[PDB]
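This is the structure I have questions about; it appears just below.
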């Protein structure tokens with residue numbers, strides 16, 4: 001499957017693409033404002049994620065740091081990024097279907113559109129100003145809006161027992177982005193696509 005990753009942000013992001021134990025394609029790249037990065041994702045990729053990283057410094061060997069979504073200090077991500085990270089999430093060719101969503105379960109750094117470029121289903125979007133409106137106790141100093149599980153490390157916010165409810169913090173992300181996961185047992189906002197759909201992830205889709 002092709003993912004086009006477009007930075008529509010006025011600022012540079014460092015796109016990242018990972019399935020948690022491995023890079024997807026090159027796994028990361030600098031996107032200046034308006035730049036597009038096409039990646040190939042293997043069919044049958046389960047638990048794939050795309051995210052932006054903000055304020056990166058990388059030396060000549062691709063080693064450094066980001067204020068949001070840093071994955072062990074690499075330009076080319078093999079691992080998931082550090083919260084806060086708006087997540088484009090996908091499972092491809094799962095019994096003849098693609099599953100896509102946006103998640104705020106690991107917080108929010110960069111507004112995001114995740115859409116098919118092929119026919120047969122709809123995109124999802126989390127484009128609200130979640131960082132500007134972010135509750136005082138979730139504000140990451142680096143930039144972005146932590147989820148309550150990253151900040152407080154409770155069984156309720158992390159949904160550790162597999163039982164828990166919505167919270168004041170999950171309802172803040174859900175109110176600004178109804179079409180994204182706000183907590184682990186949120187009513188699913190997963191869109192079903194045809195197996196072998198292609199996608200665009202757009203950072204800052206409206207701004």
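Every residue number used here counts from 1 along the chain in the order it is shown.
Determined via X-ray crystallography, 2.3 Å.
Backbone N, Cα and C define each Cβ position, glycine as well.
Residues annotated as disulfide bond in Swiss-Prot: 9-204, 56-66, 71-77, 121-193, 126-177, 134-145, 149-158, 159-164.
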Select the closest residue to residue 158 (disulfide bond) from the following disulfide-bonded residues, measuring between CA atoms: 9, 56, 71, 193.
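When the Cα distances are compared, 71 comes out closest.
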Give me the Cα-Cα distance between residue 145 (disulfide bond) and residue 204 (disulfide bond), rounded to a whole Å.
16
If you count the other Cβ atoms within 10 Å of each Cβ, which of the disulfide-bonded residues 56, 121 comes out on top?
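The largest 10 Å Cβ neighbour count belongs to 56.
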List every residue in the same chain as residue 77 (disulfide bond), at least 6 positions away in sequence, whose Cβ is under 8 Å from its Cβ.
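Within the chain, residue 77 (disulfide bond) has Cβ neighbours under 8 Å at 16, 17, 18, 23, 27, 28, 71.
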Do me a favour and check the Cα-Cα span between residue 164 (disulfide bond) and residue 9 (disulfide bond); whole Å is fine.
35
Could you measure between residue 126 (disulfide bond) and residue 134 (disulfide bond) for me? Cα positions, answer in whole angstrom.
14
Taking Cα atoms as reference points, which of the disulfide-bonded residues 9, 149, 193 is nearest to residue 66 (disulfide bond)?
9
What are the sequence-distant neighbours of residue 193 (disulfide bond), meaning same chain, six or more residues apart, C-beta distance under 8 angstroms?
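Once residues fewer than 6 apart are set aside, residue 193 (disulfide bond) is near 97, 98, 99, 100, 116, 118, 120, 121.
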Between residue 177 (disulfide bond) and residue 134 (disulfide bond), what is the CA-CA distance rounded to a whole number of Å?
12
